[PDB]
Every structure is written in C-alpha cells, then in structure tokens.
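This is what each chain is made of:
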Amino acid sequence: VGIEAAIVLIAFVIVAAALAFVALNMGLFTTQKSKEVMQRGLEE
Amino acid sequence: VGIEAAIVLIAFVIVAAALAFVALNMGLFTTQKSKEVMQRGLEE
Amino acid sequence: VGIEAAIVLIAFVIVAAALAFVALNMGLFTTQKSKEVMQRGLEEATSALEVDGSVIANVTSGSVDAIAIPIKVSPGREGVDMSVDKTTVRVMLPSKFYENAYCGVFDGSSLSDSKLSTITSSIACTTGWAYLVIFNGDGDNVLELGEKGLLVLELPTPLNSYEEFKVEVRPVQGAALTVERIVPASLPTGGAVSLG
Amino acid sequence: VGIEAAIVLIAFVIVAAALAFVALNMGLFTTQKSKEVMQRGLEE
C-alpha cells in the first residue's frame with residue numbers, strides 16, 4: 001500500500017521540479033528583456 | 001496467503017508506474033507549452 | 001492426522017516469514033530512496049543563478065573582443081557547482097554556434113588588479129574560451145552565496161556593431177541562465193564599453 | 001491459516017509505520033525550508 005503511494009509522490013515531486021526549472025528560467029529571461037526594453041525606451 | 005498478497009502488490013505497483021509515466025510525460029509537455037506561450041506573449 | 005497438519009502449518013509460517021522479510025527490506029529501501037529523491041527535488045527548486053549587474057565588453061580596433069557577464073546566486077543559498085565536467089556554456093553568434101565553450105573556473109586572486117585587460121590576459125584556457133572568475137570565494141569550484149562571479153568570453157574576431165549574441169549557461173542542477181545583448185552603435189577605440 | 005495472515009499483517013503495518021516516519025520527517029523539513037526561503041525572498 002505504501003510503495004505505490006511513494007511512487008506517486010516521487011512522480012509528483014519530479015513534475016514540480018520541472019515546472020520550477022521552467023518557471024525560473026523563463027522568469028529570469030523575461031526580467032532581463034524587460035530591463036533591456038525599458039533601457040531602450042529611456043534611450044529613445 | 002502470502003502469494004496472492006504479493007500478486008496484488010505487483011499489480012498495484014505496476015499501476016502506479018503507468019500513472020507516473022503518464023504524469024511525467026504530460027507535465028513535461030505542458031511545461032514546454034507554457035514556456036512557448038509565455039515567450040510568444042512577450043514577443044507580442 | 002495431526003502431524004501432517006503441523007508440517008503444513010510450519011511450511012506456511014516459514015513462507016510468510018520470507019514474505020515479511022522481503023516486504024520490510026524493500027519497503028525500507030524504497031522509503032529511503034523516496035526521501036533522497038524529494039530532497040534532490042527540493043535542491044533543484046533552489047539554486048537559480050542570475051545576472052547581477054551590467055554586461056561589460058572589451059573592444060579593440062573598433063570591434064568587440066571579450067564579454068564579461070556578472071552573475072550571482074539567487075536567494076536560498078544552496079550553491080551551484082561550477083566544475084569543468086559539470087557545467088556547459090553555450091554561445092550563439094550571428095554567424096557561429098558553439099555548444100560548449102567552457103574551459104573551467106579560476107580563482108579570483110585579484111591578480112595584479114581587477115582590470116578587464118589583466119583578467120583577459122593572465123588567464124588562459126587550453127581548450128575553449130569561456131571561464132568564470134570567483135571573487136571573495138573560499139577557493140572551491142562551487143559558486144555560493146557571498147561569492148561574486150564574473151564569466152568572461154574570449155572571442156577571436158566576432159562581434160561588429162549592432163548584431164546580437166546569445167549566451168547560455170547549463171549547470172548540472174538549477175535553471176539555465178539566458179543572456180542576450182546587442183552591441184551599441186558608439187564604440188570607443190579602446191577600453192571597456194558598457195552593454196547595459 | 002490465521003497465523004501467517006497475522007504475520008503478513010504485522011509486516012505490512014511495520015512497513016506503513018516506516019513510510020509514515022519518513023513522510024513526516026521530510027515534510028517538516030521541507031516546510032521549514034520553504035518558510036526560510038520565502039523569508040529570504042521577502043528580505044531580498
């Protein structure tokens with residue numbers, strides 16, 4: 001009974017880790033691009 | 001007495017493995033699509 | 001009549017004992033592995049790594065030669081391993097694409113001083129160009145909180161004016177860092193130029 | 001017939017207890033670390 005619950009837990013944790021990786025990567029990229037675009041606006 | 005319990009255990013573990021496979025596959029796909037859609041939003 | 005029943009009972013009890021032994025052994029192992037995997041997931045959640053400041057480039061003879069990208073670790077400590085065999089740096093150029101230009105991490109002993117020319121000149125890599133320089137570190141190849149890292153590219157005759165470049169870092173654990181900048185129109189004949 | 005069933009029951013209960021111990025320990029640790037990381041984020 002416990003073993004399958006542990007397997008499901010492992011799967012759900014692994015899914016969450018991938019979501020976190022994607023979220024941080026894209027958030028950092030979009031923050032950098034926002035910095036660049038507002039810098040360009042100030043230049044303009 | 002033990003043997004049928006072992007068989008039920010094997011079946012339940014195998015079910016959990018299939019659920020985990022599906023969960024990871026679809027989670028990775030949906031994370032990738034979320035990355036793509038937010039990238040497209042930033043482009044727009 | 002009783003004796004054979006006792007023998008069957010002994011056999012069935014012995015079978016149950018073996019099943020119990022197997023069940024406890026494998027249950028303990030799988031619980032330990034679940035603990036380890038969720039711990040690793042929590043580790044992967046943190047250790048983001050991010051750009052701290054402005055990218056600064058070296059220009060010689062009217063063209064950009066070297067690029068310095070300042071990075072730091074995100075809140076949450078849990079440092080990122082910057083070893084040669086565990087980290088890969090991707091450089092995407094207008095006419096070139098490089099999958100792995102990482103050569104390693106050399107300690108920032110402050111050299112003679114913190115000049116960009118001194119850093120780009122004293123440090124050399126046997127193969128590849130991109131290396132990372134740690135400041136205020138303890139001498140390890142892991143970037144931790146309290147340590148400032150400056151990642152340097154040595155580019156032989158790329159990067160004229162106005163074209164874009166893309167630099168990506170791929171740690172073994174944590175999110176990949178994406179850096180994209182455009183070279184400004186105004187470039188001095190020498191010295192560092194800020195890329196914003 | 002009953003005795004082996006009791007032995008299997010004891011084994012399965014003991015397995016569940018170990019799973020519970022691991023689950024509570026790691027859950028408390030991860031909750032504490034989440035508290036710390038969000039506190040650090042607020043500080044930042």
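Residues numbered from 1 in each chain as written, not as in the entry; some residues may be left out. Chains lettered and ligands numbered in written order. Part of a larger assembly, values for the part shown. Heavy atoms only, no water.

Per the deposition metadata, cryo-EM was the technique used to determine this entry, at a resolution of 3.5 Å.

As recorded in the PDB entry, chain A goes by Probable flagellin 1 and comes from Aeropyrum pernix. Per the PDB record, the entry is named "Cryo-EM of A. pernix flagellum".

Looking up chain C in the PDB entry gives the name Probable flagellin 1, with the organism given as Aeropyrum pernix. In its Function section, the UniProt record describing chain C reads: "Flagellin is the subunit protein which polymerizes to form the filaments of archaeal flagella." Checking UniProt for chain C, the heading Sequence similarities contains the comment "Belongs to the archaeal flagellin family." (UniProt positions renumbered as here; feature names shortened; annotations may be inferred.)

A.B. asks: Honestly, the nonpolar core in this entry has me stumped. Any pointers?
C.D. replies: Residues and elements named next belong to chain C. Counting 33 residues, the largest nonpolar core has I67, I69, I71, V89 and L153 as the members making the most contacts within it. With four residues, strand 3 (residues 63-72) is the largest single contributor of residues to this core. In this view, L153 contacts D65, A66, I67, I69, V91, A130 and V167; residues no more than four positions away in its chain are not counted. In this structure, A68, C103, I119 and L150 belong to the second largest nonpolar core, which totals ten residues. (Core = buried A, V, L, I, M, F, W, Y, C linked by side-chain atoms within 4.5 Å. Buried < 20%, exposed > 50% of the residue type's maximum accessible area, 1.4 Å probe, protein only. Helix = DSSP H or I, 4+ residues; strand = E, 2+ residues; numbered from the N terminus. Contact = heavy atoms within 4.5 Å.)

A.B. asks: What exactly am I supposed to notice about the side chain of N58(C) here?
C.D. replies: Structurally, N58(C) is set in strand 2 (residues 56-60). Those residues in contact with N58(C) that lie beyond four places of it in its chain are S63(C), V64(C), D65(C), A66(C), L116(C) and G191(C).

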